[PDB]
> 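I'd like to ask you about the structure that follows.
Below, all heavy atoms of this structure are taken into account, side chains as well, without hydrogens, waters or symmetry copies. Below, read A as the first sequence line, B as the second, and so on, with proteins coming before strands; counting in each chain starts at 1.
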Amino acid sequence: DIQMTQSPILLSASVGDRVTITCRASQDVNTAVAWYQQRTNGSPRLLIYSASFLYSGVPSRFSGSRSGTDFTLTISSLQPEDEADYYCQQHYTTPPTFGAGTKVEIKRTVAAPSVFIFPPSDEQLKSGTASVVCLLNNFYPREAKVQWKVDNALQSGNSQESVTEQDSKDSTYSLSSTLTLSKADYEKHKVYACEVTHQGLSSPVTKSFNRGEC
Amino acid sequence: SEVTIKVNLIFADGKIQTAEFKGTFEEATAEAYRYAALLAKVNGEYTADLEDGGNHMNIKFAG
Amino acid sequence: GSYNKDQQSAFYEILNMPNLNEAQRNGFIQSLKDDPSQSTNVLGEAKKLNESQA
Amino acid sequence: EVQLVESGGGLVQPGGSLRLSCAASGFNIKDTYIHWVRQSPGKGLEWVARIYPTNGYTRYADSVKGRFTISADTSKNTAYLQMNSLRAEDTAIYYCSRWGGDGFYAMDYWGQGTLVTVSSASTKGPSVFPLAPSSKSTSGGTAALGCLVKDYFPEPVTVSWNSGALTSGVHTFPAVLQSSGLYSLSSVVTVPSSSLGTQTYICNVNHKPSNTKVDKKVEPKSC
Amino acid sequence: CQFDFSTXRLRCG
Ligand SMILES: OC[C@@H](O)[C@@H](O)CO
């Protein structure tokens with residue numbers, strides 16, 4: 001079989017930048033290499049075929065080249081909507097094979113998150129589990145630390161985070177952290193607090209509620 | 001094991017991109033230098049400064 | 001459609017396998033119908049599954 | 001307009017069988033190759049099989065040979081993938097694509113894909129709880145509210161707001177696998193503070209594997 | 001980086 005080795009695995013650049021991603025075949029594949037884009041929630045979309053030819057409807061800022069077994073995909077002027085994963089594929093021999101992909105991210109200015117907190121719903125509290133949600137909205141860069149405290153006791157092992165991919169409009173991230181307790185535990189304590197550390201904040205932000213407050 | 005080499009790509013006009021290479025230390029290293037050489041064709045001669053035992057690179061292009 | 005004697009033989013083997021459930025049996029029979037070129041391969045995988053469920 | 005539409009994916013037990021369909025329109029599958037390609041966390045994009053419907057020639061990936069078969073019904077312009085003796089490693093999004101279409105030697109149209117989940121775990125519908133807007137979810141004159149879609153299996157669930165009319169300011173978070181083996185996710189939306197109480201906000205949640213359809217109205221709490 | 005069904009995106013560590 002033939003393998004396709006993509007590098008780098010991750011590339012971050014500003015809007016308007018020229019970016020280059022590469023793909024090496026383990027043996028001769030002539031020009032039989034295609035490039036696909038995969039945007040969030042999407043299926044792979046053809047950009048380039050036969051190493052250097054632009055598929056219909058694809059912006060002219062995309063281009064491809066070949067040198068021996070090395071293949072390049074270049075985006076001459078990176079746009080926010082180019083934020084996506086890119087995959088090469090050879091079809092010279094069966095099986096056709098794909099590279100592992102390159103993730104392309106957009107660099108932008110630092111933005112602090114809007115931080116919010118949600119007690120468990122009364123509906124949920126009818127049935128023995130309590131989920132407390134901390135929300136960090138529209139921030140950049142992705143790195144953030146979210147810590148939970150219950151009656152000022154640092155929580156560990158009972159929360160999970162989820163982060164969106166970069167926003168289409170503003171290239172930001174949002175994150176949820178969900179603290180899961182039994183209802184019995186939830187009703188036994190008073191103060192529920194989310195502490196957020198992020199580069200855009202001058203010091204960590206704590207968002208808190210007392211159980212039972214309006 | 002599996003390591004991540006983090007690279008700053010510093011172009012002559014001041015623009016900066018960042019990239020990551022993953023694999024064994026030796027594979028990731030080889031790929032980073034290879035990528036630098038390729039970018040050098042268009043962006044001018046490169047210089048690579050290594051920090052963190054070679055797990056981070058600052059790669060500057062001459063223009 | 002019709003089948004040659006080798007094709008018929010593969011159907012018969014899968015039909016008779018005692019450790020397949022009916023979903024599996026008919027799935028494999030469907031594969032024999034789908035792609036005659038794969039008859040030997042399909043029969044081989046049915047045998048492996050039948051054996052593992054002994 | 002060329003289109004490929006996959007159907008038939010879902011939860012199946014290890015050792016089990018499933019059949020996928022790929023309905024083509026806007027072109028004739030007799031004029032092209034049709035491929036199945038799958039995508040998984042474990043192996044990324046992986047070619048599965050191909051067929052040339054005008055002569056029936058087929059090829060398969062080594063890892064599925066004997067277990068999967070590809071076929072096509074030109075009279076229905078549809079291709080199929082029979083999947084037997086399924087294993088955990090077969091868990092993936094399955095796409096069909098065409099190749100050689102309009103003389104283009106690449107896979108130039110791919111379907112939306114269909115998820116196959118190979119697992120012995122049982123189907124479970126989610127509970128949908130409001131994330132009510134409050135004094136603790138507002139700043140700068142805007143407010144956040146949402147829905148928590150908790151404890152479902154298998155994927156997928158879909159979430160929209162106001163039957164799809166509300167899309168601005170929406171963040172639907174990636175699903176998270178809980179220690180229980182069930183999935184959970186939240187969807188939130190940021191709206192003007194002044195709209196709370198006058199504009200109806202409903203999250204439309206659908207979990208087809210369990211036939212769960214929930215439309216949850218989210219409003220400020222009583223106190 | 002690892003593909004995630006939920007987003008259909010690579011997630012890097
Ligand atoms: O494809 C739908 C998917 O985004 C949800 O199931 C959440 O993962």
Side-chain angles (χ1 to χ4, degrees), chain A residues 34 36 42-46 49 89 91 94-98, chain C residues 1 26-39 41-42 45, chain D residues 2-10 12 16-40 45-86 90-118:
Chain A
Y36 302 89
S43 309
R45 167 219 181 179
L46 180 62
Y49 65 96
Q89 181 238 308
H91 75 258
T94 306
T97 50
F98 294 84
Chain C
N26 287 296
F28 277 107
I29 286 171
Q30 180 67 50
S31 279
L32 291 179
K33 294 181 182 189
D34 285 346
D35 193 345
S37 80
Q38 295 295 303
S39 190
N41 297 336
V42 170
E45 287 294 329
Chain D
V2 171
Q3 191 169 18
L4 299 166
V5 179
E6 307 87 351
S7 63
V12 53
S17 296
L18 208 65
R19 184 174 188 83
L20 313 179
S21 297
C22 170
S25 62
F27 78 108
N28 297 133
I29 67 171
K30 267 181 65 173
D31 292 319
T32 71
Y33 287 84
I34 300 290
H35 294 258
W36 285 98
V37 176
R38 71 185 173 186
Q39 191 172 24
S40 64
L45 286 163
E46 182 186 8
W47 176 80
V48 169
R50 80 171 186 240
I51 188 169
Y52 201 55
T54 197
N55 63 24
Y57 273 57
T58 56
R59 293 297 300 277
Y60 296 88
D62 284 351
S63 60
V64 305
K65 216 181 188 199
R67 301 188 300 120
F68 297 6
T69 48
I70 191 174
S71 64
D73 181 339
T74 55
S75 75
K76 294 177 188 174
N77 217 32
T78 299
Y80 305 92
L81 188 72
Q82 181 67 34
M83 309 171 63
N84 304 310
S85 200
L86 281 165
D90 297 315
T91 292
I93 298 166
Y94 285 76
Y95 308 95
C96 60
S97 61
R98 71 171 199 179
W99 188 98
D102 298 322
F104 295 114
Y105 293 145
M107 302 177 175
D108 67 335
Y109 282 90
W110 298 52
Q112 83 284 340
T114 187
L115 175 69
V116 173
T117 301
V118 183

> To the nearest 0.5 Å, what is the distance between CD1 on D/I70 and CZ on D/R59?
12.5 Å

> Any side-chain heavy-atom pair from D/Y80 and D/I34 closer than 4.5 angstrom?
no

> How long is the straight-line distance from CG of D/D90 back to OG of D/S85, given to the nearest 0.5 Å?
8.5 Å

> How about D/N55: does its CG atom have over 12 heavy atoms from other parts shown lying under 6.0 Å from it?
yes

> Is the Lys NZ or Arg CZ of D/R38 less than 6.0 Å from the centre of D/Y95's six-membered ring, within 45° of the axis?
no

> Can you check whether D/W36 and D/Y94 have ring centres sitting under 6.0 Å from each other?
no

> Do the non-hydrogen side-chain atoms of C/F28 and C/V42 ever get within less than 4.5 Å of each other?
yes

> With no hydrogens and no angle check, is any side-chain donor or acceptor of D/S17 less than 3.5 Å from a backbone partner on C/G27?
no

> Are C/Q38 and D/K65 side-chain neighbours, meaning at least one heavy-atom pair lies under 4.5 Å?
yes

> Considering all heavy atoms of both residues, which atom of D/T32 and which atom of D/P53 are nearest to each other, and what is their separation?
O-CD, 3.2 Å

> Tell me every residue that passes side chain to side chain donor-acceptor pair (under 3.5 Å) with D/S21, counting only those two or more places apart in sequence or in another chain.
none

> Heavy-atom distance under 4.5 Å between the side chains of D/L20 and D/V116, does that happen here?
yes

> Quick one: does any side-chain atom of D/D102 pair with a main-chain N or O of D/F104 as donor and acceptor, under 3.5 Å?
no

> Any side-chain heavy atom of D/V37 sitting closer than 4.5 Å to one from D/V48?
no

> Please report the closest heavy-atom contact between D/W110 and A/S43, naming both atoms and the distance.
CB-CB, 4.4 Å

> Looking at every heavy atom in both D/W47 and D/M107, which two are closest together, and how far apart are they?
CD1-CE, 4.3 Å

> Tell me whether D/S63 contacts the main-chain N or O of D/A61 through its side chain, where contact means a donor paired with an acceptor under 3.5 Å.
no

> Taking all atoms of both residues into account, what is the closest heavy-atom pair of C/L32 and C/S39, and its distance?
CD2-OG, 3.7 Å

> With a 6.0 Å cut-off on the ring centroids, do D/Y52 and D/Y57 count as close?
no

> Walk me through whether C/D34 and C/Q30 qualify under side chain to side chain donor-acceptor pair (under 3.5 Å).
CA-CA 6 Å; C/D34 285 346; C/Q30 180 67 50; 3.0 Å; yes

> When you compare the side chain of D/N84 with that of C/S31, does any pair of heavy atoms fall below 4.5 Å?
yes

> Looking only at non-hydrogen atoms, find the nearest pair between A/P96 and A/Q89 and report the distance.
CB-NE2, 3.4 Å

> To check you understand the geometry: which heavy-atom pair defines the closest contact between D/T69 and D/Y60, and what is its length?
CA-OH, 3.4 Å

> Between the main-chain N or O of D/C96 and the side-chain N or O of D/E6, is there a donor-acceptor pair closer than 3.5 Å?
yes

> Within the structure provided, determine whether D/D108 and A/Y49 are in side-chain contact (heavy-atom separation under 4.5 Å).
no

> Looking only at atom types and distance, does a side-chain atom of D/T74 sit under 3.5 Å from a main-chain N or O of D/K30, one as donor and one as acceptor?
no

> For the pair D/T91 (side chain) and D/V118 (backbone), establish whether a donor and an acceptor sit closer than 3.5 Å, ignoring hydrogens and angles.
yes

> If only atom types and distance count, is the side chain of D/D31 paired as donor or acceptor with the main-chain N or O of D/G101 below 3.5 Å?
no

> Walk me through whether C/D35 and D/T58 qualify under side chain to side chain donor-acceptor pair (under 3.5 Å).
CA-CA 8 Å; C/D35 193 345; D/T58 56; 2.7 Å; yes

> Between D/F68 and C/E45, is any pair of side-chain heavy atoms under 4.5 Å apart?
no

> Is the NZ or CZ atom of A/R45 both under 6.0 Å from the centre of the six-membered ring of A/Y36 and within 45° of that ring's axis?
no

